[PDB]
């Protein structure tokens, strides 16, 4: 009844009225690649750095099960697929979202979506949380708040899954393709504070072929930031 016409992602969709975390269900479960897990609300939603992710009724909280057959050196680019997909969908609904390295999607610097990619063996779980009609913490925003009107959840879901399937199909063919889309939708050219192994500032210049963020230190020297236990803040 959902009417999806995708090739890999969304061939099957499992919906729960309530769940602890769609990412956790994807990890403890054995499901076919492309299967989408979605819930009206999550009681224990979480983000990167393992922080709480508010998941009230009205938002889009989903997880996608994947087993990407691509070189291990390319797998890290998977986190960008989710962010680009959200940006393309936002565009379809007249919203201009930008990517905050490495997984956040902001609108006028307000967080409207987050991406959480987790790995368990050869399985990869791509989790996406997008604010649509739900209330959000102060500082954040939603599609409803941006458009000043509710937006049918199914339509957004349909749009996002369709974009992700296309992006994924291309990813399997050539993992490098996603890079040009990320670069052209990412927030760069501004000064940022990085909290990884230590602490330093600089301009978010660009990301490289591996997906690492290129920071141009004031000393004209550079520092590459890898995805993981890292925090980025705009100064």
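Residue numbers count along the first chain shown, from 1.
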{"property": "Entry-level comparison of average CA B-factors, 111 to 119 and 138 to 146, reporting the higher stretch", "result": "138 to 146"}
{"property": "161 to 169 or 67 to 75, whichever carries the higher mean Cα B-factor", "result": "67 to 75"}
{"property": "Top Cα B factor in the deposited entry, candidates 210, 30, 53, 61", "result": "210"}
{"property": "Candidate residues 19, 9, 14, 222, the one whose C-alpha B factor the record puts highest", "result": "222"}
{"property": "Third of the chain, ranked by Cα B-factor, where residue 47 sits", "result": "middle"}
{"property": "Ranked against its chain, the third holding the CA B-factor of residue 175", "result": "middle"}
{"property": "Third of chain Cα B-factors occupied by residue 36", "result": "lowest"}
{"property": "Modelled-residue ranking by C-alpha temperature factor, third containing residue 186", "result": "middle"}
